[PDB]
């Protein structure tokens, strides 16, 4: 299980309903815990366990940091407008950065920009050089790889500050983050004139990793199974379906198998 602290910034030239000019969102182990936007201009708590474990100075510094970032991405959009010949269009600038704590203790860091839904510039694994996707992004790269102290600063944040605040957050939220919630599973089916398609739905499981597969006489039918993507419910739990088409007379041979941390053994379910 790869633990993660990640921030996602989104800066647009043309806000619209649901899309403020700037949004910054923080995640621990895949789950929201803080949010900032240019609507409020406030780092706000998005999970009880982070609120319960910080003082108002925390929210005040975090708000200060993101107000600065908001101003800087306003400048970055103008900067990128002077780097391409597109006129008055919708511009989207995105940032993702953070750190992974892997199983063995080793660590990785990330700092990647996207412009107009494509890669723009990304910090490499050594964390001292960048990959530019195009000539516009190469102007940023030469500019940045010239500044020894800025390079060190970022490497240190991702290697040291990010990782240790991730550990603090993991402490703060252990009882939420490492809880288990059982999937409530239902197999449905509709026989048509010649083909019965079975549908296995798993409702409300936590944590997010799950394996759902279809079995004929206990033997997996991987090529015949069709999986939706894992998608969230409102209360931080998750949902997945898996279907398989079967011959009606062979109905009785088919069971849906769910592998999940909340289940003592892999669970089997039937129509």
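Numbering follows the first chain given and starts at 1.
Enquirer: Would 204-212 or 49-57 have the larger average of its C-alpha temperature factors, as given in the entry?
Expert: Stretch with the higher mean C-alpha B-factor: 49-57.
Enquirer: Could you check which stretch, 99-107 or 156-164, carries the larger mean CA temperature factor in the entry?
Expert: Higher mean C-alpha B-factor in the PDB entry: 99-107.
Enquirer: Of the choices 113, 91, 186, 83, which one's C-alpha carries the largest B-factor in the record?
Expert: Top of the list by C-alpha B-factor: 91.
Enquirer: Which one of 70, 217, 31, 245 shows the biggest C-alpha B-factor in the PDB entry?
Expert: Each of 70, 217, 31, 245 was compared by C-alpha B-factor; the highest is 217.
Enquirer: Determine, from the deposited record, the chain-internal third of the Cα B-factor for residue 230: lowest, middle or highest.
Expert: Its C-alpha B-factor belongs to the lowest third of this chain's values.
Enquirer: How does residue 148 rank on Cα B-factor within its chain, lowest, middle or highest third?
Expert: Highest third - that is where residue 148 ends up once the chain's C-alpha B-factors are sorted.
Enquirer: Compared with the other modelled residues in the chain, in which third is the CA B-factor of residue 131?
Expert: Bottom third by C-alpha B-factor.
Enquirer: Relative to the other modelled residues of the same chain, rank the CA B-factor of residue 249 and answer lowest, middle or highest third.
Expert: Highest third, going by the recorded CA B-factors of the chain.
Enquirer: Name the third of the chain's ranked CA B-factors that contains residue 17, choosing lowest, middle or highest.
Expert: It falls in the middle third of the chain.
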